[PDB]
Structures are given as structure tokens and as C-alpha cells.
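Okay, so here's just one chain, in C-alpha cells, the form deposited in one PDB entry.
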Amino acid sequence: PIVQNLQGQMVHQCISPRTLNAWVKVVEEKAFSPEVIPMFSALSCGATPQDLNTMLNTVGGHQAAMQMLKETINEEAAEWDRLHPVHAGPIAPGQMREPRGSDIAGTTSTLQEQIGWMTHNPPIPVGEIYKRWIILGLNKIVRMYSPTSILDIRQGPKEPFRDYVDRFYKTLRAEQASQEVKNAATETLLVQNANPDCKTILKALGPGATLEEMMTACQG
């Protein structure tokens, strides 16, 4: 990764074993649950495209998910070349050449070239760009590997309200969509799909009632 030495110059450090293991275990333990996106984003903090590939390649199993990931990377990398045409001149001693979509993915870029792009007077972040594509690809995985649909989430007759909401938003979260789509679902289904006993209590508070006001009401 590109960390900052005490000299204020962003230097390339080796990806710590602690970081690798943590990434391998979250994938083995938590699989592709929503909390795998934050862990990756945090464990990839300041990573070079090669550091990212390293992490992804350490993922044992889920090779299907990994292929979709490569497909999404290929997709987004094609959006980088269709929006950033290659800019061919000579080579200067001030500036780096124009990065390409494949260069960002680390396929056609070396570590030095990657490192330089991130450590540049006008910095072009190939790491954060690459990481941006990956997290999008993992959102398609979490969406896919989510068996539930928010519509299929209904409160059971003997189910505590806190549990139904935990399930409502667990499904809502995995089903990645606009915050507007996810906000409309709550105001539509959270009370509509509640069991009749608590549902009349919820209707008995008014739509402008917080989730806290809903959940404290249907306690027992």
C-alpha cells in the first residue's frame, strides 16, 4: 500500500499479513454478506491495484462471484477508456502518461507505474478508481447472493417486531438500490407487512412516526 512516512512523502509499504488474513477470514466467515463491502474498503485503504488483485486472488472459493467481479471490472474499465481516450505524446520529466482502463485494473500496469500515478504532484488515484469498480461489482454479488426479496419479508404472528425489522432491513440492505427506492419500501412495506396486531398499533401512530416510536410500541 501507499502509506505516508514521517517525511510526508507517500511511500509504498508492503501489505501487512494482518491485512491479508483479515480479508481471507471475513470472506470465509462472513462470505458475501453486506458487511464484506466495508471490510474490503477498509482493508484496501491506500492499496495499489496490485495490492487489490492480491486480496481478490487470495479469496478461496466463490470463484463464480470472482468471475462476475472480473466481468464488472471489464465493464467499468471499458467505461474508463470510452470516457478517457488515450493521450499519446512524448515522455516528460514532470508528468505521468495517461492511465488506461486496463492499467487501473493492474492487468497492464506494473507496480512502479501504479505507484507513480498515486504518488504524483497532480495525483490520479488508480487505487481508489479500481477500488470503486470492485465495490460496485461486490454490490452485484451481495444483491445476487441475497436469497430474500424485501417483498417476501413479512412479520410472523409470534415474531417480535424488532426481529421483523432486523430482517426487513437486512434484506433491504443486501438489495442494493437507490436510497429513494429503499426509503419508499420502508414507508410502504414495513407496516404493510406487519402482523395485524402490531400493524394496527403502527397505523395508530401516524406515518410521521420514527422507527423507534414503532419499535417501542410493539414491545412485550
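Each residue number is its position in the shown sequence, starting from 1. Rigid core here is just the name for the largest C-alpha set that superposes within 1.5 Å across the two forms.
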Missing-residue flag, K182, threshold a third of other entries: yes
Third-or-more of other entries without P90: yes
Mean Cα B-factor comparison, 76 to 84 or 130 to 138, giving the higher one as deposited: 76 to 84
146 to 154 set against 97 to 105, stretch whose average Cα temperature factor tops the other in the entry: 97 to 105
Highest-ranked of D163, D51, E35, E180 once sorted by CA temperature factor in the record: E180
Record-listed C-alpha B factor of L69: chain third: middle
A184 - which third its CA temperature factor falls in, relative to the rest of the chain: highest
Chain third (lowest, middle, highest) by recorded CA B-factor, residue given as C14: middle
Ranked C-alpha temperature factor of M55 among modelled chain residues, by third: lowest
Relative C-alpha B-factor of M214, binned into the chain's lowest, middle or highest third: middle
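The form deposited in another entry is left out here; the points below concern that form.
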C-alpha of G89 off by 2 Å or more between the shown form and the other one on rigid core: yes
